[PDB]
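Survey of secondary and tertiary structure
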Amino acid sequence: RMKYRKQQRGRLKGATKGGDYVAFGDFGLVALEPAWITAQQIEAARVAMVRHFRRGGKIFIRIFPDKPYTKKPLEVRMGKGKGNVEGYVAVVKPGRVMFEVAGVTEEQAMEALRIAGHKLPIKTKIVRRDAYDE
Amino acid sequence: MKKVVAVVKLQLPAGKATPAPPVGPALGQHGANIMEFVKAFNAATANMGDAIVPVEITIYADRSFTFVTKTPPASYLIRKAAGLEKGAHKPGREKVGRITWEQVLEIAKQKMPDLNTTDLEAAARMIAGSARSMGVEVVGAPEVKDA
Amino acid sequence: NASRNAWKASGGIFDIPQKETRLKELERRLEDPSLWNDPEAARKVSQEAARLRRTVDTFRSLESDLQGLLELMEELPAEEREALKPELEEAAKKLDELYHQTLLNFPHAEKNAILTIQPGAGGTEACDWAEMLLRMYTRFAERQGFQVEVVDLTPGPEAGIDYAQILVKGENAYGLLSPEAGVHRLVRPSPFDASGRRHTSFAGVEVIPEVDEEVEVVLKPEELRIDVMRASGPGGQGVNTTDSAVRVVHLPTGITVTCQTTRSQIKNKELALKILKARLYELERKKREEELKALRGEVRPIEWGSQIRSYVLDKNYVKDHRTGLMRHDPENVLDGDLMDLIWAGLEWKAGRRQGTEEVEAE
RNA sequence: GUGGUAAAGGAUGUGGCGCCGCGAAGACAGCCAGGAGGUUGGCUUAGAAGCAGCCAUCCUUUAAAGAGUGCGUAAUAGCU
Ligand SMILES: [Mg+2]
Ligand SMILES: [Mg+2]
Ligand SMILES: [Mg+2]
Ligand SMILES: [Mg+2]
Ligand SMILES: [Mg+2]
Ligand SMILES: [Mg+2]
Ligand SMILES: [Mg+2]
Ligand SMILES: [Mg+2]
Ligand SMILES: [Mg+2]
Ligand SMILES: [Mg+2]
Ligand SMILES: [Mg+2]
Ligand SMILES: [Mg+2]
Ligand SMILES: [Mg+2]
Ligand SMILES: [Mg+2]
Ligand SMILES: [Mg+2]
Ligand SMILES: [Mg+2]
Ligand SMILES: [Mg+2]
Ligand SMILES: [Mg+2]
Ligand SMILES: [Mg+2]
Ligand SMILES: [Mg+2]
Ligand SMILES: [Mg+2]
Ligand SMILES: [Mg+2]
Ligand SMILES: [Mg+2]
Ligand SMILES: [Mg+2]
Ligand SMILES: [Mg+2]
Ligand SMILES: [Mg+2]
Ligand SMILES: [Mg+2]
Ligand SMILES: [Mg+2]
Ligand SMILES: [Mg+2]
Ligand SMILES: [Mg+2]
Ligand SMILES: [Mg+2]
Ligand SMILES: [Mg+2]
Ligand SMILES: [Mg+2]
Ligand SMILES: [Mg+2]
Ligand SMILES: [Mg+2]
Ligand SMILES: [Mg+2]
Ligand SMILES: [Mg+2]
Ligand SMILES: [Mg+2]
Ligand SMILES: [Mg+2]
Ligand SMILES: [Mg+2]
Ligand SMILES: [Mg+2]
Ligand SMILES: [Mg+2]
Ligand SMILES: [Mg+2]
Ligand SMILES: [Mg+2]
Ligand SMILES: [Mg+2]
Ligand SMILES: [Mg+2]
């Protein structure tokens, strides 16, 4: 990674671009609620998913953490947080597609994609793939 | 007109064996007059060759057994071809040997004198099917025909 | 080769009668249901029952190979006698299986090892030998087909080596070098003596595998206990109503550190932890080396009363004292000819020693 | 006694809309009978019998019974 430094917080107004549709994969996981999802949170779900169907299909990750996470070491007011303590996060607004699974049966996608939902700070939903494309 | 007690399935070499486990446990903790018991076994394997014969044993009320000898299991017949003594670790990616849907037939005829299956045509898929989920495929030519 | 054959037969033979009767006690044991209704019991039952796999095949296979050969072997330079000879060539790779089953049974035989040579009684001459054994064991490794990584070397005063250490890279490097510990006696006219008389000298040798670490795993919270409390001394009203004293006790060992230097409980807890670490680390570090002090216990004799195998260059003859075995080519021995020696003598003795001890009074 | 002021997450609380499939050629439940054969699927494992872990997709008696749902034995049978 590269970018530059520390970045302002900014708000999470309506989930406008906050969202998408299922790109790849048989199923996916969508955010019902806005939040900053941490790096750790992400990997938590990932490794969970794999661990569930050992030697399994393919897990996609449509979201990606690039916002620097500032934080102060238990002090007061000089300068801006050395930050980066949780490290980095991804801006997930209601609608966004976060993980795609493919190459597995429903009962596997449902379960795994659900277990992942337990690691995420948010209310979520698992989608088939209707057909709505473009 | 025959008192039985408990069925006990064992696989073994035909005309060759001893108490040795897991055979020891079975007829050991349930008794054995293997004097006259293994005397009917040697004649039931006198002119009979070696294999993995599944003799469907069945203890009697006198604590004996029904030693009905049967045709050695499908895995046995298949490795009679490839010259092995096992089966594939993972029936799918690996494939230890590749046989003929021809050889299956005459060895399957050896299996019908005990099997229930009516025709040898249905006994083609069974032996092929066993070879399927055991790490070995085949080749054929006639099959269906039809219009 | 008729000699090493009967030898391998003799090894397998004493196994026969012992495991012969040992099997019969165990087999009629595995017959009863009452025996199996004791799960952990019939586990170790089926374990010894299992050992009868390696017992049977050796005796059976080897017994038939002795007799068949003996017959069609005695006399003929052309026909059926050379027909029977390469039938025992496969039986020679079956001798192979036998040997592998006698060595591989060490704790860490399979992995590379670490040899160390340290001179002893004999002075400047004693260390001259240390270097002779250095090259000796080194040279053997090349032929065994192994990579030698010299970890440390230190030339002495006159002759060159007060100490040395090596890393025999390969497999079974330990199991092979294992029976080479202890002292080594060396007699000869001394190349340093102005009179040249015979002088005994002694070098030391040791050998060991390799392993891992444990540090941070201990800092795991549920193990230690952290107390807070008011500080002591200066602070005024601050020190009074502000508890900044911290004490982390490491419950698993009871060892504890306490700190109340700064005014911050957080900066004090931070420090105590960072010191408990280092203390706890040394304790666990010692325990590691304390296990290697019980490996010094495995064998750690003095320096020249005791020996293991003599090498006299006068009358030309080496002599492993552990086995009574002999030889008359110390030159060859001091070069690599060890396989045959180590193999039988060393493995045999070492294994049979500890083995008969374990199955008879251990 | 929600109202009279808490969250992930949970559950045959209750009401309302919607789509899917089953049923008078008899459904759902309960209840009587089988519930099988090569098979003991192949591979590992001391052992691995639908039934630890690994790989996987046969046919036969039939109106019917999965190379198998869960318990259970050391492994069975078992009951389902
Ligand atoms: Mg946060
Ligand atoms: Mg202040
Ligand atoms: Mg697909
Ligand atoms: Mg699908
Ligand atoms: Mg959650
Ligand atoms: Mg949640
Ligand atoms: Mg949900
Ligand atoms: Mg669209
Ligand atoms: Mg008779
Ligand atoms: Mg009886
Ligand atoms: Mg022989
Ligand atoms: Mg003869
Ligand atoms: Mg010749
Ligand atoms: Mg030959
Ligand atoms: Mg040997
Ligand atoms: Mg190095
Ligand atoms: Mg000096
Ligand atoms: Mg020097
Ligand atoms: Mg001089
Ligand atoms: Mg001198
Ligand atoms: Mg001179
Ligand atoms: Mg912990
Ligand atoms: Mg004071
Ligand atoms: Mg003062
Ligand atoms: Mg003051
Ligand atoms: Mg205060
Ligand atoms: Mg206070
Ligand atoms: Mg102080
Ligand atoms: Mg200070
Ligand atoms: Mg301790
Ligand atoms: Mg001394
Ligand atoms: Mg030479
Ligand atoms: Mg209230
Ligand atoms: Mg809720
Ligand atoms: Mg709910
Ligand atoms: Mg419901
Ligand atoms: Mg009907
Ligand atoms: Mg059944
Ligand atoms: Mg079986
Ligand atoms: Mg098996
Ligand atoms: Mg059964
Ligand atoms: Mg079981
Ligand atoms: Mg097909
Ligand atoms: Mg019972
Ligand atoms: Mg068993
Ligand atoms: Mg059953």
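As stated in the entry header, the method of structure determination is X-ray crystallography and the reported resolution is 3.000 Å.

1. Concerning the overall build of chain B
Counting its regular elements, chain B contains 6 helices and 4 strands. Taken from the N to the C terminus, the helices and strands of chain B come in the order β-α-α-α-β-α-β-α-α-β. Computed over the C-alpha atoms, the radius of gyration of chain B is 18 Å, more than 25% above the 15 Å expected from 2.2 N^0.38 for a compact globule of 147 residues. Principal axes of the C-alpha set define a box for chain B whose edges measure 60 × 35 × 25 Å. For chain B, the proportion of its 147 residues judged to be buried stands at 27%. Here chain B has roughly 9,900 Å² of accessible surface; of this, 56% comes from carbon and sulfur atoms. Distance between charge centroids for chain B: 5 Å, based on 19 positive and 14 negative side chains.

2. Observations regarding the pattern of salt bridges
Residues and elements named next belong to chain A. Considering all chains together, one arrives at 32 salt bridges over all chains under this definition. For the salt bridge of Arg 129 with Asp 133, the shortest nitrogen-to-oxygen distance reads 2.7 Å. Exposure remark for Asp 133: the relative accessible area of 58% places this residue in the exposed category. A cluster of three or more residues bridged by salt bridges with shared partners is formed by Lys 17, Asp 20, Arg 62 and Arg 96.

3. Concerning the sheet that holds strand β9 (residues 309-312) of chain C
All names here are of chain C. Spatial ordering of the open sheet is given by β2-β3-β1-β5-β4-β9-β10, a layout of 7 strands whose pairing is mixed. Only two strands of the sheet have a single neighbouring strand rather than two, namely β2 (147-154) and β10 (317-320). Across the sheet, the mean angle from the axis of one strand to that of its neighbour is 20 degrees, orientation sign disregarded. Here 4 bridges tie β9 to β10, and the two strands are oriented antiparallel to one another. Residue pairing across strands places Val 312 opposite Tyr 317, the latter belonging to β10.

4. Points about the packing of helix α1 (residues 39-52) of chain A against helix α2 (residues 106-117) of chain A
Residues and elements named next belong to chain A. Contact pair α1 / α2: the axes reach a minimum separation of 8 Å and the direction vectors enclose 150 degrees. With respect to α2, the element α1 is oriented roughly antiparallel. Crossing of α1 against α2: the hand is right-handed. From α1, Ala 45, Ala 48, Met 49 and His 52 reach across to α2, where they touch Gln 108, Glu 111, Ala 112, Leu 113, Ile 115 and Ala 116. Each residue belonging to the contact of α1 with α2 can be placed in one class, and the counts come to 7 nonpolar, 2 polar and 1 charged.

5. Some thoughts on the packing of aromatic side chains
Applying the stated criterion to the full structure yields 8 aromatic pairs over all chains. A centroid spacing of 6.4 Å and a plane angle of 80 degrees characterise the contact between A:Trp36 and A:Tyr69, whose relative ring orientation is edge-to-face. With A:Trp36 in strand β2 (residues 35-38) and A:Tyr69 in strand β4 (residues 67-69), the pair connects residues that are 33 residues apart, well separated along the chain. Take A:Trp36: its relative accessible area is 27%, and that puts it in the partly exposed class. Relative accessible area serves as the criterion here: at 30%, A:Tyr69 is assigned to the partly exposed category. Geometrically, the ring pair formed by C:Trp129 and C:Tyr311 is edge-to-face, given 5.3 Å between the ring centres and 70 degrees between the ring planes. In this pair, C:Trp129 sits in helix α6 (residues 123-144) while C:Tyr311 sits in strand β9, placing the two residues 182 residues apart along the sequence. Overall, C:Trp129 belongs to the buried group, its relative accessible area being 0%. Within the aromatic cluster, the residues linked to one another by ring pairs are B:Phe37, B:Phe65 and B:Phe67.

6. A short note on the protein's contact with RNA strand D
The full set close to RNA strand D counts 36 residues, and A:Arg55, B:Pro91, B:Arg93, B:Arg125 and B:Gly129 are the nearest of them. Protein-proximal atoms of RNA strand D, defined as those within 4 Å of the protein, fall in sugar or phosphate at a share of 70%. Between RNA strand D and B:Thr117, the relevant distance is 2.8 Å, taken from a sugar or linking oxygen to a side-chain nitrogen or oxygen of the residue. The separation between a sugar or linking oxygen of RNA strand D and a polar side-chain atom of B:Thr118 is 3.3 Å. Elements with a contribution of two residues or more to the surface near RNA strand D: β1 (4-11), α4 (74-82) and α6 (122-132) of chain B together with α3 (39-73) of chain C. With 6 residues, α6(B) is the largest single contributor of residues to the surface near RNA strand D. Considering only residue class, the surface near RNA strand D consists of 10 nonpolar, 14 polar and 12 charged.

7. Quick notes on the sheet that holds strand β8 (residues 256-259) of chain C
Residues and elements named next belong to chain C. Strand order in the open sheet formed by 3 strands is β6-β7-β8, with antiparallel pairing between adjacent strands. For this open sheet the edge positions go to β6 (225-230) and β8, each flanked by a neighbour on one side alone. Here the strands of the sheet are splayed against their neighbours by 20 degrees on average, with no regard to which way each runs. One ladder, built from 4 bridges, connects strand β7 (residues 243-249) with β8; its direction is antiparallel.

8. What to know about the nonpolar core
Ranked by size, the top nonpolar core spans 36 residues in total, and within it C:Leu115, C:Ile117, C:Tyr137, C:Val168, C:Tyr311, C:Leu338 and C:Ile342 carry the most contacts. Of all the secondary-structure elements, those providing two or more residues to this core are α5 (90-103), β1 (113-119), α6, β3 (163-169), α7 (173-177), β5 (201-208) and α11 (339-361) of chain C. A total of 8 residues in this core trace back to one element, the largest contributor, which is α6(C). Excluding residues within four positions of it along the chain, C:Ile342 makes contact with C:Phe140, C:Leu176, C:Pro179, C:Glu180 and C:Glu347. Judged by nonpolar contacts, the second largest core, of 23 residues, contains A:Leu29, A:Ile42, A:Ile59 and A:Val92.

9. Focus on the UniProt feature "coiled-coil region" (unreviewed entry) in chain C
As annotated by UniProt and renumbered to match this structure, "coiled-coil region" (unreviewed entry) occupies residues 266-298 of chain C. With 82% helix and 0% strand, the stretch residues 266-298 of chain C has end C-alpha atoms that lie 48 Å from each other.

10. Quick look at the side chain of B:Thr71
Note that B:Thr71 resides in the loop between β2 (54-60) and α4. Ignoring anything within four residues of it in the chain, the contact list for B:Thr71 reads B:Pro54, B:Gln110, B:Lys111, B:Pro113 and B:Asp114.

11. Concerning the interface of chain B and chain C
The partner chain C presents 4 residues to the 4 residues of chain B that form the contact. A combined buried area of about 360 Å² lies between chain B and chain C, and 63% of that area is made up of carbon and sulfur atoms. Summed over the shared surface of chain B and chain C, the number is 0 salt bridges. Counting every contact that joins chain B to chain C gives 1 residue pair in polar contact. Classifying every residue of the side of chain B that touches chain C gives 1 nonpolar, 3 polar and no charged.

About the thresholds
Residues numbered from 1 in each chain as written, not as in the entry; some residues may be left out. Chains lettered and ligands numbered in written order. Part of a larger assembly, values for the part shown. Heavy atoms only, no water. Helix = DSSP H or I, 4+ residues; strand = E, 2+ residues; numbered from the N terminus. Rg over C-alpha atoms; globule rule 2.2 N^0.38 Å. Buried < 20%, exposed > 50% of the residue type's maximum accessible area, 1.4 Å probe, protein only. Areas by Shrake-Rupley, 256 points an atom, 1.4 Å probe, with all protein chains shown as cover. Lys, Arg positive; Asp, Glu negative; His and termini not counted. Charge placed at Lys NZ, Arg CZ, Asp CG, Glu CD. Salt bridge = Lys/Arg side-chain N within 4 Å of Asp/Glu carboxyl O. Pairing = 2+ DSSP bridges. Axes fitted to C-alpha atoms, helices over the stretch in contact; angles between N-to-C directions. Parallel < 35°, antiparallel > 145°, perpendicular 65-115°, else oblique. Left-handed = near helix turned anticlockwise from the far one by under 90°. Contact = heavy atoms within 4.5 Å. Nonpolar A, V, L, I, M, F, W, Y, C, P; charged D, E, K, R; others polar. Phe/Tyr/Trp six-rings, centres within 6.5 Å; stacked < 30°, edge-to-face > 60°. Near = heavy atom within 4 Å. Polar contact = N/O pair within 3.5 Å; in protein donor to acceptor, adjacent residues only side chain to side chain. Core = buried A, V, L, I, M, F, W, Y, C linked by side-chain atoms within 4.5 Å. UniProt positions renumbered as here; feature names shortened; annotations may be inferred. Buried area = accessible area lost by both parts, 1.4 Å probe.

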